[PDB]
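One structure below.
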Amino acid sequence: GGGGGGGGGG
Amino acid sequence: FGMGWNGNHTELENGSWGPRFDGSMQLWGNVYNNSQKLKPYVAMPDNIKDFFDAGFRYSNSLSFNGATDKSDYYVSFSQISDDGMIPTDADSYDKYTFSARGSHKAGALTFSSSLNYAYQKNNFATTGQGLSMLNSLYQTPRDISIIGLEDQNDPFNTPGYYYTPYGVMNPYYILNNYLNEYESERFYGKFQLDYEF
Amino acid sequence: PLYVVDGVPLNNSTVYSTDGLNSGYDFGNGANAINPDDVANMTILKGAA
Amino acid sequence: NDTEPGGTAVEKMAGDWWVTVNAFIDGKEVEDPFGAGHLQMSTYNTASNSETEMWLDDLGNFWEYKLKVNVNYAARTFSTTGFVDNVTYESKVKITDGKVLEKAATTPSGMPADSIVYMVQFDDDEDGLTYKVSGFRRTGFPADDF
Amino acid sequence: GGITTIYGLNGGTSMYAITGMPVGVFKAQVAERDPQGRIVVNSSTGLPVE
Amino acid sequence: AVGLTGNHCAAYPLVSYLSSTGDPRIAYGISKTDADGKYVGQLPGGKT
Amino acid sequence: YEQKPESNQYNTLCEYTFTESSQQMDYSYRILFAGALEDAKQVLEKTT
Amino acid sequence: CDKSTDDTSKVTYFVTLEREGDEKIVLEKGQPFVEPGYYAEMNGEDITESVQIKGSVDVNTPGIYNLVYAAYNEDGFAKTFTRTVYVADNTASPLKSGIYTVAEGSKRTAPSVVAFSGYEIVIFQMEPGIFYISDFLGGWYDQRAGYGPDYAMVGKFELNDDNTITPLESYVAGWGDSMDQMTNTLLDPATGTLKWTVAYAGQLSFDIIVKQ
Amino acid sequence: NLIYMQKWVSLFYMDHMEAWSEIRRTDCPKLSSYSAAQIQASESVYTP
Ligand SMILES: [Ca+2]
Ligand SMILES: [Mg+2]
C-alpha cells in the first residue's frame with residue numbers, strides 16, 4: 001500500500 | 001534510564017536509551033552563549049502528564065415552544081465553545097445552531113416547514129510524523145522537564161537552541177505558531193405539503 | 001447509515017485530512033451539526049430488506 | 001497496576017563490566033601483571049534462558065576466551081565444574097568462585113555500581129597461574145569509561 | 001488477484017481485503033523461524049531476521 | 001532533502017579512491033567533516 | 001553514499017536487510033509502467 | 001491539579017581557554033623555558049590567573065616534558081590544552097634540533113603514490129648519537145588524514161659518521177605496530193635536510209624528507 | 001581497470017542506476033577480499 005514514513009534521529 | 005543513545009549518555013537526544021538514573025549532575029541540551037543547562041540525572045515521571053491542561057467547555061441552549069389545535073411552532077438555539085486539554089487554543093470547537101419549525105393545518109391541507117442554520121469553527125492540533133505537537137512530545141527523554149520548555153524568553157527553548165534537533169521541535173512553539181483552522185456555514189431544511197382527500 | 005431528519009436525508013459528509021501520516025486532522029461530520037436538545041425520538045433501522 | 005518489564009532468567013547477572021585482571025604469583029596477589037589496564041567484558045544469558053547458566057565473554061581483550069559458566073541465581077554466584085571448552089579458539093577455561101555483588105563497587109565518578117569478581121585458569125597458560133578478574137558494571141557515562 | 005489494499009504503509013504494516021477472509025486483514029513483518037519454532041537471528045548482531 | 005532530512009553520508013570506497021588519486025572532484029557533492037575538515041567515508045552497512 | 005549516523009531512513013538498504021515486502025521500488029515500478037509506458041502507448045496510437 | 005515536573009536545571013557558564021605560543025617547543029639543555037602564555041575567560045571576566053598547570057620542564061635533563069594547562073568552571077567543568085617541551089643533549093652534531101617541516105618531495109610508493117607536504121615533525125637528540133623522532137611517516141596518518149598522534153610512528157635513531165641513519169626503535173600506537181624496513185637514509189650536513197624511505201604494514205612505503 | 005574506475009567516479013551524482021549496472025557487468029570496482037571489520041581494524045589491507 002501507498003504512504004510512507006520517516007525514521008527518527010538518534 | 002534517561003537521555004541517551006546506545007546506552008551511552010548524550011546531551012541532545014530525543015529518547016531515553018541512556019544510563020540508569022544516577023542522581024548525578026549531568027549536562028543536557030544545546031549550548032547558548034557559552035553556557036549550558038545542568039540538572040540532576042533523575043526521572044520526571046509526570047513530565048508528559050503535566051504538559052496538559054484541563055479542557056474547558058461552556059454550552060448554552062434555548063428553545064421556544066407553543067401550539068394550538070391547528071398549529072405548532074418550535075424555535076431553538078444552541079451554543080458550544082470547547083478549548084480542550086492540549087495547551088493554547090489549538091483544540092477549539094465553536095458550535096452554533098438556530099432552528100425554526102412550524103406546521104399549520106387548515107382543513108384537509110397541512111403545510112409545515114423546518115429551516116436550520118449551523119456554524120462551526122474548528123481548530124486542530126495537527127498530528128503526524130513530522131514537526132507536530134504529539135510526535136514532538138513523545139520524543140522526550142524521561143528526565144527532561146517538558147513544562148520547562150514553554151517560556152520562550154529562555155533562549156534554550158527558542159527553536160534554534162531546543163534541547164534536541166532530531167526531527168522534532170518545541171511543542172509549545174508548534175502549538176503557538178502553526179495554523180489549521182476550519183470555519184463552516186450550513187443551511188438545511190424542508191417543506192412538506194400534506195393533503196387528505 | 002443514512003441520517004433522515006424530518007424525514008429528509010441529512011448531509012453526513014466528513015471533513016478530515018487526506019494525508020493522515022504527516023498532517024492528520026479531523027473537522028467533523030455532517031450529523032454532528034444537529035442539536036441534541038431538539039431531538040424527540042431517534043429510531044435506527046438496522047436491516048436492509 | 002504497573003507493568004513489569006520482565007527479563008531473561010539471569011538478567012541481574014548479565015551486563016557489561018569494566019574489569020582488571022590480577023594474578024596470584026608466589027601466593028601474593030600481583031596487580032595486573034600483563035599491564036592491560038581496565039578491560040571490557042560482557043556476561044549474558046544463554047539461548048536456553050535457564051537460570052542456572054550464563055555466558056562469560058572477555059570480548060577478546062585479555063585471553064580471548066568465552067565459555068558457559070554455571071549459575072546460582074539466588075546467591076548471585078557463578079563457577080565452572082572443572083575446565084570447560086572455550087568457544088573462541090579451542091582452549092579450556094576454569095572459572096572459580098565467581099560472584100556478582102549488587103551495588104558494592106564504585107565507579108570512577110564516585111557512584112555505586114555492581115561489582116564482579118571471579119578466578120580464572122587456562123589450560124594453555126604455560127605458567128599455570130590463577131587470575132582474579134575484578135571490576136564493576138559499566139554505567140554508560142563517558143566519565144566511567146577507560 | 002484475490003487481494004486489494006484498503007490502507008497501508010509502503011513496505012510497512014498494511015490492511016487488506018482478501019478473498020476468503022474478513023474485511024480488514026492485516027499483514028506485517030514477522031521474524032523468521034526454523035521448522036521447529038525457534039527464532040532466527042543474525043549471527044553477528046543478534047537481532048531477528050525478517 | 002525536502003521530504004526527509006539529510007540521510008546520506010559519503011561511503012568509504014568512493015572517499016578512499018578520490019583521496020588516493022588526488023582528485024579535486026572530491027569536493028563536488030561531498031563535504032568535509034564538520035569536526036576535523038577532512039573527507040571520511042563510512043564502510044557500507046557499518047553505521048551501527 | 002552510506003547512512004548518516006544520526007538518522008535512520010536507509011538502514012535496510014545499506015545492510016541489505018530489505019525484502020520483497022519492503023516495496024523498495026514499487027513507486028518507480030508504477031511510474032514506469034502505469035505512467036510512462038502507458039503514455040507512450042497512447043502517443044504511438046495518436047501520432048503517425 | 002498541581003504540577004510536579006518543574007525544570008530543576010542550573011545554567012552553567014563555561015570557561016574559554018586559549019593557548020598563546022607554540023604547542024611543541026624544543027629547547028637545548030640548559031636553556032631556560034619561558035612560558036609562552038595563555039588566556040582564560042569566563043563570562044567575560046578574565047580568569048587567566050586561575051589556570052592550573054600540571055607538569056614541569058627540567059631543562060638540565062634531556063627528555064620529553066608535558067605540561068597540562070587547565071581552567072575550571074564553578075561547577076567544576078574544565079577546558080584544557082597541552083604543551084610539549086623537548087630537551088636536547090647539548091653535544092654537537094650536523095643534525096640540529098628540532099621542529100622540522102616535511103619538504104617538497106614526499107609521496108607514497110606502494111601501492112599508490114600521493115604527494116604531501118607542509119607537515120611538521122619533531123627531532124631532538126637524547127644521547128650524543130641517538131635522536132628521538134616523533135613521526136617517521138612525516139604525518140601521513142597523524143596530520144594528513146587527522147588520525148591523531150597515536151597514528152604517528154615514534155622511535156629512535158643513531159646518526160652514523162657516514163651520515164646515514166640507523167633506526168633503533170619504532171612504534172605506532174593503535175595498530176600494533178612497527179615498520180618493516182628502512183632504506184635510502186642519509187643527511188646532507190648543509191641543506192640541512194634528512195632523507196628517508198620507510199616501509200610499513202606489508203605493502204606500504206613512503207619517500208619523505210624534512211627541513212626546518 | 002582505469003577506464004572502469006573512472007567510469008565509476010564519473011557516474012557519482014549523475015546516474016547511479018547505471019553505475020550499479022556497470023559495476024555488475026564489468027565487476028569493477030573489484031569487491032575487496034577483506035571484511036568491513038578487517039578494513040576498519042587495519043586500513044593498509046584495503047585497496048582504495
Ligand atoms: Ca487547549
Ligand atoms: Mg497513467
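We name chains A, B, ... following the order of the C-alpha cells; residues begin at 1 in each chain, and ligands are numbered from 1 as shown.
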Exercise. Which residues form the shell of 8 Å around ligand 2 when you count only C-alpha atoms and all ligand atoms, given as an NGL selection string?
Worked result: :G and (31 or 33-36 or 38-39)
Just N, CA, C and O atoms for this one: save the residues we selected as a PDB file, in the first residue's frame.
```
ATOM      1  N   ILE G  31       5.335   4.219 -11.708  1.00  0.00           N
ATOM      2  CA  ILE G  31       5.630   5.356 -12.579  1.00  0.00           C
ATOM      3  C   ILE G  31       6.025   4.887 -13.972  1.00  0.00           C
ATOM      4  O   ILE G  31       5.532   5.411 -14.973  1.00  0.00           O
ATOM      5  N   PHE G  33       5.569   2.016 -15.647  1.00  0.00           N
ATOM      6  CA  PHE G  33       4.645   1.208 -16.436  1.00  0.00           C
ATOM      7  C   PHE G  33       3.260   1.822 -16.547  1.00  0.00           C
ATOM      8  O   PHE G  33       2.679   1.809 -17.628  1.00  0.00           O
ATOM      9  N   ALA G  34       2.691   2.306 -15.447  1.00  0.00           N
ATOM     10  CA  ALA G  34       1.365   2.904 -15.492  1.00  0.00           C
ATOM     11  C   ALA G  34       1.412   4.405 -15.700  1.00  0.00           C
ATOM     12  O   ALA G  34       0.371   5.016 -15.967  1.00  0.00           O
ATOM     13  N   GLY G  35       2.589   5.006 -15.572  1.00  0.00           N
ATOM     14  CA  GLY G  35       2.809   6.359 -16.027  1.00  0.00           C
ATOM     15  C   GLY G  35       3.391   6.431 -17.422  1.00  0.00           C
ATOM     16  O   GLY G  35       2.673   6.762 -18.370  1.00  0.00           O
ATOM     17  N   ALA G  36       4.677   6.101 -17.568  1.00  0.00           N
ATOM     18  CA  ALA G  36       5.382   6.358 -18.823  1.00  0.00           C
ATOM     19  C   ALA G  36       4.972   5.383 -19.910  1.00  0.00           C
ATOM     20  O   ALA G  36       4.564   5.791 -21.000  1.00  0.00           O
ATOM     21  N   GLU G  38       2.460   3.629 -20.427  1.00  0.00           N
ATOM     22  CA  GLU G  38       1.106   3.783 -20.948  1.00  0.00           C
ATOM     23  C   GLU G  38       0.998   5.036 -21.800  1.00  0.00           C
ATOM     24  O   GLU G  38       0.381   5.025 -22.872  1.00  0.00           O
ATOM     25  N   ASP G  39       1.597   6.129 -21.337  1.00  0.00           N
ATOM     26  CA  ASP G  39       1.565   7.353 -22.121  1.00  0.00           C
ATOM     27  C   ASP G  39       2.203   7.122 -23.480  1.00  0.00           C
ATOM     28  O   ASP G  39       1.662   7.533 -24.513  1.00  0.00           O
TER      29      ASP G  39
END
```
- Query: When the cut-off is 12 Å and you count only C-alpha atoms and all ligand atoms, which residues lie near ligand 1, shown as a list in words?
  - Reply: residues 51, 52, 53, 54, 55, 56, 57, 81, 82, 83, 84, 85, 86, 87, 88, 89, 90, 91, 92, 93, 123, 124, 125, 172, 175 and 176 of chain B
Please produce, as JSON lines, a per-residue contact table for stretch 4-46 of chain F versus chain A (criterion: any atom at most 12 Å away, only C-alpha atoms considered), showing the nearest atom pair and its distance in Å to one decimal, sorted by chain then residue number.
```
{"residue": "F:4", "atom": "CA", "partner": "A:6", "partner_atom": "CA", "distance": 6.9}
{"residue": "F:5", "atom": "CA", "partner": "A:6", "partner_atom": "CA", "distance": 9.0}
{"residue": "F:6", "atom": "CA", "partner": "A:9", "partner_atom": "CA", "distance": 10.6}
{"residue": "F:7", "atom": "CA", "partner": "A:9", "partner_atom": "CA", "distance": 10.0}
```
With only C-alpha atoms as the counted atoms, please give the residues lying no more than 9 Å from stretch 7-21 of chain D, apart from itself and same-chain residues fewer than 4 positions off, as a PyMOL selection string.
chain D and resi 31-46+49-56+62+71+73+76-77+99-100+102+114-117+131-139+144-146
As a VMD selection string, please: every residue in chain F that DSSP puts in strand (DSSP E or B). chain F and resid 8 to 9 11 42
Now that the selection is made, can you save its residues with N, CA and C atoms as a JSON list (two decimals), in the first residue's frame?
```json
[["chain", "number", "residue", "atom", "x", "y", "z"],
["F", 8, "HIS", "N", 22.11, 10.77, 3.74],
["F", 8, "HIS", "CA", 23.25, 10.21, 3.06],
["F", 8, "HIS", "C", 24.56, 10.81, 3.56],
["F", 9, "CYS", "N", 25.55, 9.95, 3.76],
["F", 9, "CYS", "CA", 26.92, 10.37, 4.01],
["F", 9, "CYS", "C", 27.81, 9.67, 3.00],
["F", 11, "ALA", "N", 30.41, 7.24, 1.32],
["F", 11, "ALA", "CA", 30.84, 5.88, 1.58],
["F", 11, "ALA", "C", 32.34, 5.72, 1.41],
["F", 42, "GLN", "N", 32.11, 6.06, 5.11],
["F", 42, "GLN", "CA", 31.64, 5.07, 6.06],
["F", 42, "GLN", "C", 31.60, 3.73, 5.37]]
```
Write out as JSON, numbers by chain the residues lying within 8 Å of residue D:129, counting only C-alpha atoms and excluding same-chain residues fewer than 6 positions away. {"D": [23, 24, 25, 121]}
Determine, for each residue of chain F having at least one atom at most 7 Å from an atom of chain I, the closest pair of atoms and their separation in Å to one decimal, counting only C-alpha atoms; order by chain and ascending number, as a tab-separated table.
```
residue	atom	partner	partner_atom	distance
F:13	CA	I:48	CA	6.2
F:16	CA	I:48	CA	4.9
F:17	CA	I:48	CA	4.8
F:20	CA	I:48	CA	6.9
F:43	CA	I:36	CA	6.3
```
Non-local contacts of residue E:39 (12 Å; only C-alpha atoms; under 3 positions in same chain excluded) as a JSON list (two decimals) with C-alpha atoms, in the first residue's frame:
```json
[["chain", "number", "residue", "atom", "x", "y", "z"],
["D", 47, "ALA", "CA", 19.76, -19.14, 24.34],
["E", 30, "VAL", "CA", 7.36, -11.14, 11.48],
["E", 31, "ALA", "CA", 10.68, -12.76, 12.18],
["E", 32, "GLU", "CA", 11.90, -15.95, 10.54],
["E", 33, "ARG", "CA", 11.52, -19.24, 12.40],
["E", 34, "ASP", "CA", 13.18, -22.61, 11.92],
["E", 35, "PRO", "CA", 10.93, -25.60, 11.12],
["E", 36, "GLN", "CA", 10.83, -26.27, 14.84],
["E", 42, "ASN", "CA", 21.67, -12.69, 12.76],
["E", 46, "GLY", "CA", 21.88, -10.87, 17.49],
["E", 47, "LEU", "CA", 18.83, -9.14, 16.03],
["E", 48, "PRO", "CA", 15.94, -11.06, 14.49],
["E", 49, "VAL", "CA", 15.89, -11.91, 10.80],
["E", 50, "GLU", "CA", 12.91, -10.94, 8.68]]
```
As a ChimeraX atom specification, please: the residues near residue D:88 (cut-off 8 Å, only C-alpha atoms, same-chain neighbours under 2 positions excluded).
/D:64-66,86,90-91
Mind dumping a table of every chain B residue within 10 Å of chain F, with the nearest atom pair and its distance in Å to one decimal, using only C-alpha atoms, sorted by chain and rising number, as a tab-separated table?
```
residue	atom	partner	partner_atom	distance
B:6	CA	F:48	CA	9.4
B:130	CA	F:4	CA	9.4
B:166	CA	F:5	CA	9.4
B:167	CA	F:5	CA	7.8
```
Would you output that residue set with N, CA and C atoms, as a PDB file, in the first residue's frame?
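And here's again12.pdb as it stands now:
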```pdb
ATOM      1  N   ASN B   6      22.367   4.278  22.378  1.00  0.00           N
ATOM      2  CA  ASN B   6      23.290   3.154  22.529  1.00  0.00           C
ATOM      3  C   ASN B   6      23.611   2.864  23.986  1.00  0.00           C
ATOM      4  N   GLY B 130       5.956  14.366  11.428  1.00  0.00           N
ATOM      5  CA  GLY B 130       6.901  15.441  11.235  1.00  0.00           C
ATOM      6  C   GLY B 130       6.944  16.386  12.411  1.00  0.00           C
ATOM      7  N   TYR B 166      16.420  16.371  16.558  1.00  0.00           N
ATOM      8  CA  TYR B 166      16.208  15.141  15.812  1.00  0.00           C
ATOM      9  C   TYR B 166      14.764  15.050  15.333  1.00  0.00           C
ATOM     10  N   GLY B 167      14.450  15.831  14.309  1.00  0.00           N
ATOM     11  CA  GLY B 167      13.182  15.655  13.648  1.00  0.00           C
ATOM     12  C   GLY B 167      11.979  16.116  14.419  1.00  0.00           C
TER      13      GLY B 167
END
```
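With only C-alpha atoms as the atoms that count, the minimum distance from chain E to the choices D:63, D:87, D:75, D:48 is reached by D:48.
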Write out as a list in words which residues come within 10 Å of residue E:19 when counting only C-alpha atoms, dropping same-chain ones fewer than 2 positions away.
->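 The filter keeps residues 1, 2, 3, 4, 16, 17, 21, 22 and 23 of chain E.
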Based on the selection just made, write C-alpha atoms of those residues as a PDB file, in the first residue's frame.
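Written file, selection16.pdb:
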```
ATOM      1  CA  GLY E   1      -5.636 -11.416  -7.658  1.00  0.00           C
ATOM      2  CA  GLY E   2      -7.639 -12.048  -4.567  1.00  0.00           C
ATOM      3  CA  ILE E   3      -6.273  -9.128  -2.588  1.00  0.00           C
ATOM      4  CA  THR E   4      -6.563  -5.344  -2.567  1.00  0.00           C
ATOM      5  CA  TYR E  16      -6.180  -5.589   3.038  1.00  0.00           C
ATOM      6  CA  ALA E  17      -9.357  -7.138   1.736  1.00  0.00           C
ATOM      7  CA  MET E  21     -11.073 -13.660   4.844  1.00  0.00           C
ATOM      8  CA  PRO E  22     -12.785 -10.972   6.920  1.00  0.00           C
ATOM      9  CA  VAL E  23     -12.755  -7.345   5.913  1.00  0.00           C
TER      10      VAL E  23
END
```
Taking only C-alpha atoms into account, report as a JSON list (two decimals) with N, CA, C and O atoms, in the first residue's frame which residues of chain G lie within 7 Å of chain F.
```
[["chain", "number", "residue", "atom", "x", "y", "z"],
["G", 1, "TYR", "N", 27.33, 6.39, -1.42],
["G", 1, "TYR", "CA", 26.98, 7.00, -0.15],
["G", 1, "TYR", "C", 26.45, 5.94, 0.80],
["G", 1, "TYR", "O", 26.17, 4.81, 0.41],
["G", 2, "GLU", "N", 26.31, 6.34, 2.06],
["G", 2, "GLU", "CA", 26.02, 5.43, 3.15],
["G", 2, "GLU", "C", 25.01, 6.13, 4.05],
["G", 2, "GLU", "O", 24.60, 7.26, 3.78],
["G", 3, "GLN", "N", 24.60, 5.48, 5.13],
["G", 3, "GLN", "CA", 23.56, 6.02, 6.00],
["G", 3, "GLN", "C", 24.16, 6.91, 7.09],
["G", 3, "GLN", "O", 25.06, 6.48, 7.81],
["G", 4, "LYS", "N", 23.68, 8.15, 7.18],
["G", 4, "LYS", "CA", 24.21, 9.07, 8.18],
["G", 4, "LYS", "C", 24.03, 8.49, 9.57],
["G", 4, "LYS", "O", 23.01, 7.85, 9.85],
["G", 5, "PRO", "N", 24.98, 8.71, 10.47],
["G", 5, "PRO", "CA", 24.90, 8.10, 11.80],
["G", 5, "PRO", "C", 23.67, 8.47, 12.60],
["G", 5, "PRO", "O", 23.14, 7.64, 13.34],
["G", 7, "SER", "N", 20.57, 9.56, 11.72],
["G", 7, "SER", "CA", 19.23, 9.32, 11.23],
["G", 7, "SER", "C", 19.15, 7.89, 10.77],
["G", 7, "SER", "O", 20.12, 7.14, 10.88],
["G", 9, "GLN", "N", 16.94, 6.39, 7.89],
["G", 9, "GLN", "CA", 15.97, 6.08, 6.83],
["G", 9, "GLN", "C", 16.38, 4.87, 6.02],
["G", 9, "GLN", "O", 15.52, 4.12, 5.54],
["G", 14, "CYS", "N", 21.45, -0.20, 3.14],
["G", 14, "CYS", "CA", 22.88, -0.33, 3.39],
["G", 14, "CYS", "C", 23.25, -1.68, 3.96],
["G", 14, "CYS", "O", 24.35, -2.18, 3.70],
["G", 15, "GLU", "N", 22.41, -2.26, 4.81],
["G", 15, "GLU", "CA", 22.71, -3.53, 5.43],
["G", 15, "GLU", "C", 22.11, -4.68, 4.67],
["G", 15, "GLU", "O", 22.19, -5.83, 5.12]]
```
query: Suppose you want the space between atom CA of residue D:67 and atom CA of residue D:97; what is it in Å?
result: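 Interatomic distance, atom CA of residue D:67 to atom CA of residue D:97: 15.3 Å.
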Any chance you could list, as an NGL selection string, the residues in chain I that come up helix (DSSP H, G or I) when DSSP is run on the backbone? :I and (2-10 or 16-26 or 36-41 or 43-45)
Counting only C-alpha atoms, give me one row per residue of chain H with an atom at most 10 Å from an atom of chain I, showing the shortest contact pair and its distance in Å to one decimal, sorted by chain then residue number, as a tab-separated table.
```
residue	atom	partner	partner_atom	distance
H:111	CA	I:47	CA	8.0
H:112	CA	I:48	CA	8.9
H:174	CA	I:41	CA	9.5
H:175	CA	I:42	CA	6.9
H:176	CA	I:42	CA	9.5
H:200	CA	I:44	CA	8.8
H:201	CA	I:44	CA	6.4
H:202	CA	I:44	CA	8.1
H:203	CA	I:44	CA	7.5
H:204	CA	I:44	CA	7.3
```
Create the file for the chosen residues now, containing N, CA, C and O atoms and written as a JSON list (two decimals), in the first residue's frame.
```json
[["chain", "number", "residue", "atom", "x", "y", "z"],
["H", 111, "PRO", "N", 50.67, 0.99, -2.28],
["H", 111, "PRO", "CA", 50.52, 0.64, -3.70],
["H", 111, "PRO", "C", 50.30, 1.85, -4.62],
["H", 111, "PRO", "O", 50.62, 1.76, -5.80],
["H", 112, "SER", "N", 49.77, 2.96, -4.10],
["H", 112, "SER", "CA", 49.56, 4.17, -4.89],
["H", 112, "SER", "C", 50.81, 5.05, -4.79],
["H", 112, "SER", "O", 51.86, 4.62, -4.32],
["H", 174, "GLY", "N", 48.16, 1.93, 18.51],
["H", 174, "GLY", "CA", 46.83, 1.80, 17.96],
["H", 174, "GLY", "C", 46.73, 0.91, 16.75],
["H", 174, "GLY", "O", 45.61, 0.64, 16.29],
["H", 175, "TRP", "N", 47.85, 0.43, 16.22],
["H", 175, "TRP", "CA", 47.81, -0.53, 15.13],
["H", 175, "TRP", "C", 48.66, -1.76, 15.38],
["H", 175, "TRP", "O", 48.49, -2.74, 14.65],
["H", 176, "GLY", "N", 49.53, -1.74, 16.37],
["H", 176, "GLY", "CA", 50.45, -2.84, 16.61],
["H", 176, "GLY", "C", 51.64, -2.32, 17.38],
["H", 176, "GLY", "O", 51.65, -2.44, 18.60],
["H", 200, "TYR", "N", 56.10, 0.12, 5.49],
["H", 200, "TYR", "CA", 55.12, -0.12, 6.54],
["H", 200, "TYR", "C", 54.23, -1.31, 6.17],
["H", 200, "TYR", "O", 54.41, -1.96, 5.13],
["H", 201, "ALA", "N", 53.25, -1.58, 7.04],
["H", 201, "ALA", "CA", 52.36, -2.73, 7.06],
["H", 201, "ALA", "C", 52.31, -3.57, 5.79],
["H", 201, "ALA", "O", 51.29, -3.62, 5.11],
["H", 202, "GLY", "N", 53.41, -4.25, 5.48],
["H", 202, "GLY", "CA", 53.38, -5.29, 4.48],
["H", 202, "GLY", "C", 53.43, -4.82, 3.04],
["H", 202, "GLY", "O", 54.15, -5.40, 2.23],
["H", 203, "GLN", "N", 52.67, -3.78, 2.70],
["H", 203, "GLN", "CA", 52.63, -3.32, 1.32],
["H", 203, "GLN", "C", 52.54, -1.80, 1.23],
["H", 203, "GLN", "O", 51.92, -1.26, 0.31],
["H", 204, "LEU", "N", 53.17, -1.09, 2.17],
["H", 204, "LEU", "CA", 53.22, 0.36, 2.18],
["H", 204, "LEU", "C", 54.66, 0.83, 2.28],
["H", 204, "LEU", "O", 55.53, 0.11, 2.79]]
```
Please report as CSV every residue of chain F lying within 7 Å of chain H, along with the nearest atom pair and their distance in Å (one decimal), using only C-alpha atoms.
```
residue,atom,partner,partner_atom,distance
F:20,CA,H:114,CA,6.4
F:21,CA,H:114,CA,6.9
F:22,CA,H:114,CA,6.9
F:38,CA,H:145,CA,6.7
```
Cut-off 8 Å: closest chain D/chain B atom pairs per residue, using only C-alpha atoms, as a tab-separated table:
```
residue	atom	partner	partner_atom	distance
D:111	CA	B:22	CA	7.7
D:139	CA	B:19	CA	5.8
D:140	CA	B:8	CA	4.3
D:141	CA	B:9	CA	5.3
D:142	CA	B:9	CA	7.2
```
Could you write out the selected residues, including C-alpha atoms, as a PDB file, in the first residue's frame?
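Done, and the output landed in out35.pdb:
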```pdb
ATOM      1  CA  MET D 111      28.811   6.424  42.417  1.00  0.00           C
ATOM      2  CA  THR D 139      27.378   2.985  33.647  1.00  0.00           C
ATOM      3  CA  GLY D 140      27.274   4.498  30.173  1.00  0.00           C
ATOM      4  CA  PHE D 141      28.712   7.817  31.198  1.00  0.00           C
ATOM      5  CA  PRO D 142      31.923   8.519  29.261  1.00  0.00           C
TER       6      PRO D 142
END
```
* What are the residues of chain B that have an atom within 10 Å of an atom of chain H, counting only C-alpha atoms, as a ChimeraX atom specification? -> /B:25-28,31-54,143-149,156
Using C-alpha atoms, can you export the residues from the last selection as a JSON list (two decimals), in the first residue's frame?
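Heads up, here's the output in out.json:
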```json
[["chain", "number", "residue", "atom", "x", "y", "z"],
["B", 25, "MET", "CA", 24.56, 16.25, 37.85],
["B", 26, "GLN", "CA", 24.97, 15.95, 34.09],
["B", 27, "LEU", "CA", 24.60, 18.35, 31.21],
["B", 28, "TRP", "CA", 21.78, 18.47, 28.72],
["B", 31, "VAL", "CA", 24.87, 25.40, 24.25],
["B", 32, "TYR", "CA", 23.87, 29.05, 24.14],
["B", 33, "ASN", "CA", 26.35, 31.89, 24.57],
["B", 34, "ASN", "CA", 28.98, 29.56, 26.00],
["B", 35, "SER", "CA", 26.52, 28.32, 28.61],
["B", 36, "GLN", "CA", 24.58, 25.10, 29.03],
["B", 37, "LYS", "CA", 21.94, 23.74, 31.39],
["B", 38, "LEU", "CA", 22.93, 21.36, 34.18],
["B", 39, "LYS", "CA", 20.48, 19.25, 36.16],
["B", 40, "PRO", "CA", 20.41, 16.15, 38.36],
["B", 41, "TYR", "CA", 20.08, 12.97, 36.32],
["B", 42, "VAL", "CA", 16.73, 11.83, 37.70],
["B", 43, "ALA", "CA", 13.44, 10.72, 36.24],
["B", 44, "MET", "CA", 10.46, 13.05, 35.86],
["B", 45, "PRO", "CA", 7.61, 10.55, 35.59],
["B", 46, "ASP", "CA", 4.89, 13.18, 35.34],
["B", 47, "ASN", "CA", 6.53, 15.21, 32.61],
["B", 48, "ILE", "CA", 4.23, 14.31, 29.73],
["B", 49, "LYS", "CA", 1.21, 14.19, 32.05],
["B", 50, "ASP", "CA", 1.95, 17.68, 33.34],
["B", 51, "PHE", "CA", 2.09, 19.08, 29.81],
["B", 52, "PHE", "CA", -1.67, 19.03, 29.52],
["B", 53, "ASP", "CA", -4.16, 21.49, 30.91],
["B", 54, "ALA", "CA", -7.79, 20.95, 31.75],
["B", 143, "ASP", "CA", 14.45, 13.03, 32.61],
["B", 144, "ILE", "CA", 13.62, 16.25, 30.72],
["B", 145, "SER", "CA", 11.09, 18.74, 32.08],
["B", 146, "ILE", "CA", 8.57, 19.41, 29.32],
["B", 147, "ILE", "CA", 6.67, 22.22, 31.04],
["B", 148, "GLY", "CA", 10.02, 23.88, 31.49],
["B", 149, "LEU", "CA", 10.16, 24.44, 27.74],
["B", 156, "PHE", "CA", 17.43, 27.47, 25.46]]
```
| said: Please check the contacts: residues of chain C at most 12 Å away from chain E, using only C-alpha atoms, listed as a PyMOL selection string. | reply: chain C and resi 18-21
